[PDB]
Structures are given as C-alpha cells and as structure tokens.
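Undergrad: got a sequence here, can you build the structure:
(chains A, B, C, D and E)
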Amino acid sequence: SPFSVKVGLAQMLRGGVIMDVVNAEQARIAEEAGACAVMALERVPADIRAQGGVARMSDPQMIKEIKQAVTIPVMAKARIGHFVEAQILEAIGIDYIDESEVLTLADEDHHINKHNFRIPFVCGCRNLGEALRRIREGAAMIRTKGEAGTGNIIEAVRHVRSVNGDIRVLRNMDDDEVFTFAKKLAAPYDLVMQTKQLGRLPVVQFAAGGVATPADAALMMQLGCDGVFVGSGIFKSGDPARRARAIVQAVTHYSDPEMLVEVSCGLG
Amino acid sequence: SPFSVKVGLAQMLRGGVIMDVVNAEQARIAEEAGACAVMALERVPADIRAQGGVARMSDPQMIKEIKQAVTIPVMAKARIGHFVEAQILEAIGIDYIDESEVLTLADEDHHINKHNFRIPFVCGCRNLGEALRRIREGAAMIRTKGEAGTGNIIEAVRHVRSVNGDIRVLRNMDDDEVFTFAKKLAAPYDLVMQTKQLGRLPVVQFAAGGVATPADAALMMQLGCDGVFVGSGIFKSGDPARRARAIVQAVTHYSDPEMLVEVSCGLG
Amino acid sequence: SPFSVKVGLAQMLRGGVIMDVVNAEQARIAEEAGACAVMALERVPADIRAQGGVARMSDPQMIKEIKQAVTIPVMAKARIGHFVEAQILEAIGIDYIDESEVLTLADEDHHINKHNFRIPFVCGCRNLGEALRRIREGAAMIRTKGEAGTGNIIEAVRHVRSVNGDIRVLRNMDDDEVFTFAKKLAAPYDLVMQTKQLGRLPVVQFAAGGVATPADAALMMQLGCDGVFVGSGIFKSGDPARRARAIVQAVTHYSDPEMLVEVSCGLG
Amino acid sequence: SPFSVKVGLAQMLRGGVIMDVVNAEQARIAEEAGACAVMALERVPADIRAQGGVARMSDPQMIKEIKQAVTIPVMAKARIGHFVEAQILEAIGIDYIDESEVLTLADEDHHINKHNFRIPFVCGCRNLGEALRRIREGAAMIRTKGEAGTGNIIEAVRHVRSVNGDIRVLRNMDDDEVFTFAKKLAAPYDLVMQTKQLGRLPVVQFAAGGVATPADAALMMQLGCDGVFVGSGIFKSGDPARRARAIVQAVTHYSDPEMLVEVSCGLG
Amino acid sequence: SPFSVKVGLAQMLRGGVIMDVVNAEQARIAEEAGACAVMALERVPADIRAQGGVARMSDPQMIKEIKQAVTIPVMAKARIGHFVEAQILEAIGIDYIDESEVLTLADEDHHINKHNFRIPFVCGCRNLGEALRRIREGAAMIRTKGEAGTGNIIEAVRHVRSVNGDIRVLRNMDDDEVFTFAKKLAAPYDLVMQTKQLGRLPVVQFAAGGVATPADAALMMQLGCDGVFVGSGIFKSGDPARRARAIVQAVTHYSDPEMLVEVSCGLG
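TA: Residues are numbered from 1 along each chain as shown, chains lettered A, B, ... in the order given. Right below this line is the structure:
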C-alpha cells in the first residue's frame, strides 16, 4: 500500500528531535544542532490564541523559505478537519503534515481523511483508542497531545503512560476478551489485534507538548517514546545553538546520566 | 476463509421460517409444514425464568432425538459467553448454534469467540453496531433480539427499522464521515465500510421475537428481513400443523395479500 | 385525486353512529337500530389487555361473517404501523380501516402510510397537530382518542375542545404568524393553511371513546362533531336494541331536549 | 410561480463570491476582483453590538451610493421579522434582501413573510429543518449562520455538514418513515419530500460566517456549497484588491491545489 | 360616565405621534413637526436610574413651561401607585397622566385608582390581561411597556403581537369558554366580553419603548397600533426638526414604502 510507504517514511525519524522554527535562521540552527526535522510556524499558536485570534495554516511563502533553507524534512500544521489546508501544504511539497489541535479546530466532528494524501500525517493522542483512530484515518505517526506552550511535561507523561500501559495490557490479554476491549476503546478491532501482535504501536510514537529541558526529553525516551518534539522555547533563550544541541544530545544519550549532566550544566 | 463458508451456509435459509420445537413430534410437524430449520429446546426458557430458574443448554439427548427425526438443519441455544456449551453442541453435530439472550447470561462482558468453531452461529442485535460486533466475533447470521414470548412484534419492528435505517444512512454517507460514525457505533471500521459497499448486512438478517401471526411474519419480510424465527406459541394452539403452514406460506407469499387472507382466515 | 374520493366516502357517515360489534347478531341489531356503520371486533381489546395479552387484527373469518350479515359499511382495526394487517383488511374488502391505538402498538415511531391503500382510514387524535399529521399520512377521517372502555367522556371532551379551539384560533390568525404556529404543532404548513381557509378540519371529525349515554352522544354533536363511535357497552345491557336506538336517536335529534328525555327515560 | 422566478434569480449567483462593503470604493474593488454581488453595510454589525448598540437596516442613502457605483447585484440586511425594513429595501430597488441574524432581532417569534415581496430573500440556517422553514416562508437562497466576525470556520462547517448530511439521510430513507422525520425536523412535509426527490436543497446554498482565507472558501465549495459570503475582513488588510481576487480565484478553482497555493502565497 | 368621556378624549390622538420633550424648545419642534401631543420630562429616567437615583414626577415648573409653549395636549409621568403625584399633575392642569413603569415604582402591589381623577391616564401592558386590568382601574389609553431607552423594538413587537393575538383568539372563541379564559388572564370577565364584542381593545392602543426609526414607527402601525410614542432620541441628533417630521410622516404614510424611503434617506 502507499500507507506502509508513509509509515516507513516516518520510521526514519526514530531516535530524533523535531523543533518548531519560525524562520530560516532558526531552521539552520536546528539542522546544524542535529534535529531530524523542523516544524514550520508563522507564529506560535499559543500567542495567537492568547490574543483571542484564530490560528490557521501558516503562509505558504514562509514555509517555502524554510523548505529551501534546510535539507532535513519540513513539517507544517493544518487545522483539524481542514482538508484543504492539507491540500495546499501537500502542493507546496513539504514532507509531513501535522493535523494539530494546537491550531483552531475547523471541524468539531471529523478529522482529515489522511488516506487521500500522498504525504504522511502526524496526529496527537491522549490514549490508545485515540491513537488507533488517528492511524485508521491514515496518520503515519503519533505524538502525545501533551500541553501546548506551558513547559509542563505532566500531560505528556500521562499520555505516554496511558498509551504504553494499554499496549502492555493488550499484549497479554486473553484473545477472547479483545472484542470487548476494542468496543471500550472505540477503536477498530483489526488495528487493536495488530497492535497486540506487534506489542507496540504500528507507527512511530513521539512525545510532544511540555518538553522543556534535556531531562524532560530523556524521560520521554526512557518511557519508551521513539523521539520528541520541542517548541520555540529553545530559541527564546541564550545561545540557541547550545540549547538546541543539548536536547538532541539528551535524546541520543538518554540513558547516560553523565551526558545529561554535561548538557544541562549551565543552561539557565 | 472458513468464515465466508459459514456465511454461505447460512444463505440457504434465506426465505425460510425457523420454528422452536420441544420434541420430535413437533419437529416433524415443522418439517412437513415447510420450515427451513428447527430450533431444539428442552423447555421454553420463558417458563424456566418465569419460575425463577436458570435456562441453559438443552440436554444433548433430546437434541439428538430431534436431529434424527428430521432432515432439515437443527439449531440449539448456548448461553452467551458459554463457549463450553458451544463446544458440546458442535460435537453433537448440530448445524447452527444460537448464542441466545433468551437463555441465562453466562458472561456479562464477553460473547463466545465464534471463530473458534467450525459450525455457524446466530446472534441477536438491537441495532447495527451490535450486529457488526457480533459478526466480527464470528456470527454468520443475525436475528433481532425482539421480545421473547410476549407475542408483541413492536420490539422486532424497532430493531429491523433501526438496523436497516442505519445501513441506508451509511450507504449514502460522505466517506470522510464514516470514521466518526464507526466510533459512535463502537463497531469495527472495516465491517462498517464493507456494509456501506454491500448496501446491506454482510450476513443473513432474520426477524425474531414476537412474530405471532402470518401478518407479523409478512411485515418482517416486507421490512427487508431474509426470514423469520417463530416460538413454541404455534404448538400451544388447535391445529399446530395449520398454524405452522400458515406462517411458512406467509413468508413465501409475503407480498400477496390474497394469499395472506387465505392463510389467516379461520386461525383463531 | 383518490384522496378526495376517500374523504368523500367518509362524509357519507356524517350525522351517524358507529357501533362496536363482536358477532353478526349484534351487527344486525346495530343496523336495524339505524347505525351508519359497524366496527368488527373479535374480542373487546380492553379485555385482552386487561388480561395482559396482545390485541391484534381480528380473524378475517369473523370479519367476513359481519360483512355478510349487514348492508351498512364495515370497519375493522389494524394495529398502528402494521401495514400488513391493513393489506389483509383491504383484501377482505371491508369499507374502512381504523388505525387504532386501542390495539397493541406495532410500530412505536411510524403510522401506516395510508396513501398506499385504496380504502379509507380512520385515525385518532388528541389535538390539531396530531390530526393534521394523520391526515397528511392519508387518514380520511379523524376520531378522538378519548378513553377506551371506561365510559368516561372527559378525555373525548378535552380532545374535541382542543381540536376545535385551535381551528378557531387558526381561522382568525395573522397569516404571517401561521408559519411559527405550524412549527409548534409540528404539522404540515400546507394542511394548516388549508384548515385555516376551510375554517374546519379537511376531513370528517367523529367523537370516540367514553360515549356511554344519549346525553354524551348529543354533547359531542353539540360540541361540533360530525358523528360518534360507541363501544360494546350497548350490548352488555338490557334490551340492546333499545339502548342502540337511543344513541342513534340522540345523535339525530341532538338539539331536541324533549327527544333526549324520551330516549333516556328508563334506560338505567 | 413568482417563487420559482426568485429561485432562478438566486441561481445566477452559483459559483460566486459575495463581499461585504461599507462604501463605494470597496464596492468597486469587489466588482473588479470578480465578486458576483456585494452586500451593502453602513457599519459592521459586529462593532455596533460589541459597543452594545442596536444594529438595524442601513441608511438608504449609503445603499443608493453603492447600487450606483457597480453593475453587479446589491444585497442589504433587514432585521429578522422587520418586514417594513424589507419594504423600504425593496422600494430602494436593491436586488436581494438578507434577513440577517447579524442585525438585532426585531421579532423573537416570527420571520418576515418573504412571499409578500417581489425581490428574493436570503436567510441563514444551522440545519435542514431551519432551512426548509425559511424556504417555506419564501427565502430563495440559504446561507449558513456560521459565526459572525470571528474568522472561525468551525460553525459554518458544522452547518454545511449538518444540512448536507440530513439530505443524504433523506435521499435513501424509507418513504414510509419520512412523515416522522418531518415531524422531528418541524419542517413542512411537502418541502421535505421535494428535497428527497431533488437530492439537494430546492434553493442555492451558500456558506457564510467565518470564511477568512482562500483555503476556507475552497473547503466550503468542496463540501458542496454553491458559493460563499465574505466579510469586511478583506478590506482591513494590504492590497485589498489582491486579497479579494484571491478568494474569488479560490472559489472558481476550488479543486486545484496549485491555484490555491498561488493565491495564498504571501498574503500575511 | 366620565369614563367614556376620557376614552373619547384619548381617541382624538389616534393616528398620531407623541414625543418626549425635556424643554419648551423641543416641545415647539415637536408641535411644528406635527406631533399630536408631547410628554414632559425633567430628565430622561434612563439616566437617573443609570446613575442609581430615584426617578419621580417632574418639577411642576418645567411642566408649566411646556404647557404654555404649545397648544397640543401635554402628558407627564407619575410613579406607579403614587396617587398624590397624580393629584399634583391634575392640579397643574395637564391633559394626560402616564402612570409609568419608567419611573421608580412607588407601590409594589397597587396602581393608582385612576377613576378618582378627571383627566385621562395612560398605562403600559405586556399582554391583554394586564391591559384589561389597567383599563378597569380606569386607564383611558394603553401603551406597550416595550423597553425604555434601548432603541430596540423587539419588546414592543412582542407586546403588540401578544395583545393583538389574544384579542383575535378571543373574537372567535366559544362563549362558554370565555369564563376560563378570563380566569387565566386574571382579567375582569365583563371587560373580556366587551373586548370580544368590539373585536379590539376598548381603548386606544399605542406602541412605546424602542421605536427608534421611521421603519419602526411604521411597523408598529402595520401591526395594528393606533399611534406611537417616541423618546428624546429624536433631539439627541442632527436637524431634530427633520427627524421629528420623519417619524410623523412615517406614521401618517405607514403603508407607503416610497414615502418611508424618502423620510429615512439620509437620516444618519
């Protein structure tokens, strides 16, 4: 299928960090720091909503600027259910669309049908049922919804633990009981059974929302994530290159405390 | 698959009437009247529950007596979730097991995993979501839950209309909206989409529970059922052979009022 | 249209009394007493429900017996929503079908589509909205739901007053306000506007349920009904011929107190 | 009828964009950009209500100025239920009256009787029942109520999906069930049945309220609208001519992502 | 009676506009513009209450100034239940007292006994029952309570429609039912029956509260009012003479759209 191609595409991000960037300068710092992809963002949606505005797809022009500035994959956000925003993003020729709850919802009841696109989608989830629903709709990659722009990892920890815990429950579960389990999750039975066989999520699972420090990033990796997303927080500080490198280093060496000491020492 | 074989098996019952019988005499009357199958029943579960007892699988001996007495397929009831009752019934070599809510529930949370058997199962449903869940569990044939032993068709009409109505809703529905629809039904998405393509249920759909008269049986057929189940009510009356024939005739000639007049004239 | 033909058919009953009969003897007494039609009834539905049973269409045989016994029109009851019962009744060749809430409901959500039949239907109503809904479905004649087999006129008076009162409200109403009025009635606007122009119901309106005495029958006529239905109560008394005649006489001479004295004097 | 003439009048706007304008300068920009009509507006009602004022019909003088400045049809708003505002607008000789919930309600219980006018009316709706009610009152054209002056498309998407979804439900629905369906919609049965036969709304259906970007406009068209309304937002920006052209282009080429990229590139 | 004399006095205002004036200059503009009476007002009660003060009878001196300045009748407000304020107003020799809910209530439970005065009273009402109660107390003229100093006609429309609608209901109503109707209105039966015979209110019925534009004034007249009250809004604008004349012209020519266009064109 093209689906498995998209899934495979997403797997090459495993082990990596993805950074929110608002311009080409930041994008290069990200790339040099060793980010595996960048997320293009006209403005931080936190700030647009804090001022009571609607947060939409970013201007294609500014996305084009970032796509040119770097050789690593570029991602951008479409509003949930806004399949035309996604068509535009596909046509600009970015690598991944993030169907993002951080932007203003466009459809209260329906997500984008992501199978109708040739490029892979990221979606958020709070639990396994939601993850499996996004995947069936054609998401090639899952992140935690976490908590947008607070710096608080508590929500991301809840989500990772929730998802991973249900997968562990599912792995050992009497097969006869999986029907009821699928009902309670309101998830497609066929994806539930596949998740059972795999013993993990059929797609790459990243942590997102709240990851603020190297320690946070490493925690996410130790809890069994495949990678992390980081916000614009990195670039709103001193030596952005250093803070960027630190989080990449944390994710690469997530089980080496000595390394984590080094990258955290003197960050502010 | 063996699944499609079981589904195909069940199609031979299309256009037919299935009658509850409590002995071999009744079974022969049923067969001669033109019933397409019989349902073997130690005792009427209505009466066992009315006297506050538990209603279980029938004695294999009495089932064996009925299997011998007739050449039409024989069905018997297993309690919901009682997979060992089903194993016994399979080994006796009956034709269809009815996983029946009319018997005392054995498992509050789980139905039998019907895929683990080589003979086909009937299950009940009140709506499409329930039907699709029973099918995914491996039911080869669906009936309405209706209302056991009241003679009141109202519940069966509700169920037929409910199921058929949702199928019609599903047939025309924007494909992008079917994901959410599957969530709301708590039904496997893949079976929902298949039902959409077929424009009907993937399995034979019978009416059951409350069908008392020729008019009732014909109504069910006109509402789009593939056949009907009838209770032991038939044999608690004056000329059981006549009443039996009448319901068969009603189902065969369900769109011929003239015929329905004839079979109803002078029944009591 | 055939609709207007059915409406016209029903208008021939204007000024008349319709009597429930359970056999041919009673039917002839009814006819000779001057009833404009008879309602065939295997058994009184009151008694079938009082014993917790289901009340359905009557046996066509006993209906045939009554159709033969008399030259006045014969009516019979179909369960609400039971369109096959109605097909049978049509094919027997009776004159009017009563879609009757006195029988056990067959469809909780839908009435018979009465346009699909060539013979006229009676329906019950409690108010104008309900009346207009039954008419749009193709009822040619409206009766009050009243109160089955209590002998208590209070419900019938409520219904007549309700319907007539809303018609009077409608007759004078600002045309610009009729849209909202139709919304509140949940009735088809086109039938509402027609009722406004006519200043009465587009169909014959009879009183039913609770009419026990000559005084009751005359009251209904004075309140603006076109005729009345009477139950089997008549025949559960002395000189049924006398009691029958009395109600007919009451309806014919409903504004002549002297007559009403005469027919009521010495009845019980 | 004059009704079908008004419906036909409105159909000429199919495929088009209608823009809110507050003066003649803006009106010409709209016309040159390729708008199919303009909506004349003294002031943005959002601002009048935000300052706690009453929003009424616009001054006829300023409407006259805009009618002269352009050759495309002119629309103006009357308060709901304010039939005299509508008479004035008709007499000024504008092309379409919008009975608009964006203005201060004049009649809590009744809309204008739009049949009493010779020029066509637009009304808003949230669902099919409301649409069919406005049409029966004589609206020649339906728009979504959406959400006035937020730039948030979510309400408009809900409304389109709602209306279109119920039409799809209605298209396939058992005819016998349409009576109850009309009751639940509180909509005229005759218009419900007509909508069933047509398989779409008897009138042009436009999207309105929240449409902010080319992507939004195209989404509405992809969801099956016949055209869109846009607010004064367009003219509160740089090169208003460019932003205006962009939305027109988006609606014309709503299924061409490449086009949508071009018109969205560099908009701000 | 003196009552019918007062009623007749009030009828000579039929067809007219009454304007709130706060000085003699405004009073003359009103008179020249063709107002049929003026309402003397020390200060706008809206402003006295907006500043948390009590709004009472106006200073007799300022009322005397207005009575001298014009030859048209002068009205003034007394607080509800404040019969001594009314005695003072009578003694000053004004023409009409308005027992006004716009002023601070003086008696929570009782209105002025208006029969004890030789000059006619105006009272407000929201519905027919309230109107009939005020009349029995001796009001010679009824206005809607509407909504003081908002410019919003919605409340006045509600009241007119309410009153007129109940009168229409009453006109056609079965006489036998009028007793209960009077109970539900908590209105004197004798005035209810009189209103029934007349087919309208026994006294002049004016619209008041919210009438802001010519269109508003004409709407009130088209809904069946006998005249309108207008607030000080007129004089808080440009060319007060023009705006004054416009509303008078609107009420005189309330069914001529062309006229309404002319008087509304260029008002602001």
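Undergrad: from here on, just use CA atoms for contacts and neighbour counts.
TA: Noted.
Undergrad: contact residues of the stretch 101-250 of chain A facing chain B?
TA: Proximity of the stretch 101-250 of chain A to chain B, by C-alpha under 8 Å from any C-alpha of the partner chain, involves residues A:109-110, A:112-113, A:133, A:137, A:176-177, A:179-180, A:183-184, A:186-190.
Undergrad: separate out the buried members of those residues.
TA: Buried subset of these (neighbour count, 16 or more other C-alpha atoms under 10 Å in any protein chain shown): A:109-110, A:112-113, A:133, A:137, A:176, A:179-180, A:183, A:186-190.
Undergrad: buried ones in the lengthiest helix in chain A?
TA: In chain A, assigned by DSSP state H, the helix with the most residues is helix A:154-172. Within helix A:154-172, the residues that qualify as buried are A:155, A:156, A:157, A:159, A:160, A:161, A:163, A:164, A:167, A:170, A:171, counting by 16+ other C-alpha under 10 Å.
Undergrad: may I have the secondary structure class of the nearest residue to the second one once chain neighbours are set aside?
TA: Meaning residue A:156. In this structure, residue A:156 finds its nearest non-sequential neighbour in residue A:146, 4.1 Å apart by C-alpha to C-alpha, 6 or more residues apart in numbering or on different chains. The three-state label given to residue A:146 by DSSP: H, G, I helix; E, B strand; the rest coil is coil.
Undergrad: mind listing what the residue lying farthest from the centre of chain A touches?
TA: Distance from the centre of chain A peaks at residue A:176, with 33.5 Å (C-alpha atoms, centre = their mean). Applying C-alpha atoms under 8 Å, 6 or more residues apart in numbering or on different chains, we find residue A:176 in contact with B:110, B:112, B:113.
Undergrad: sorry, back to before: C-alpha coordinates for whatever helix or strand comes next after the longest helix of chain A, PDB please?
TA: Sequence-wise, the next helix or strand downstream of helix A:154-172 (DSSP states H and E) is helix A:178-185. Backbone C-alpha positions of helix A:178-185 (Å, rounded to 0.1, in the frame of the first residue of the first chain) are rendered in PDB as follows:
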ATOM      1  CA  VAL A 178     -10.100  -8.300  22.900                       C
ATOM      2  CA  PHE A 179     -13.500  -7.700  21.200                       C
ATOM      3  CA  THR A 180     -14.900  -6.000  24.300                       C
ATOM      4  CA  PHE A 181     -11.700  -4.200  24.700                       C
ATOM      5  CA  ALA A 182     -12.000  -2.700  21.200                       C
ATOM      6  CA  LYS A 183     -15.500  -1.700  22.000                       C
ATOM      7  CA  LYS A 184     -14.400   0.200  25.100                       C
ATOM      8  CA  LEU A 185     -11.600   1.900  23.300                       C
END
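Undergrad: point out the other helices and strands that helix A:178-185 packs with.
TA: helix A:128-137, helix A:189-198 (3 or more C-alpha pairs under 8 Å, 6 or more residues apart in numbering or on different chains; DSSP states H and E).
Undergrad: export those to CSV and tack on distance to chain E?
TA: CSV is the format used below for these (distance: least, C-alpha to the nearest C-alpha, whole Å):
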stretch, distance to chain E
helix A:128-137, 47
helix A:189-198, 55
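Undergrad: and the residue nearest to residue A:62 when sequence neighbours are not counted, what element?
TA: The shortest distance from residue A:62 to any non-neighbouring residue, by C-alpha to C-alpha, 6+ apart, is to residue A:42 (6.8 Å). Using DSSP H and E, residue A:42 sits in no helix or strand.
Undergrad: please consider this matter closed, and thank you.
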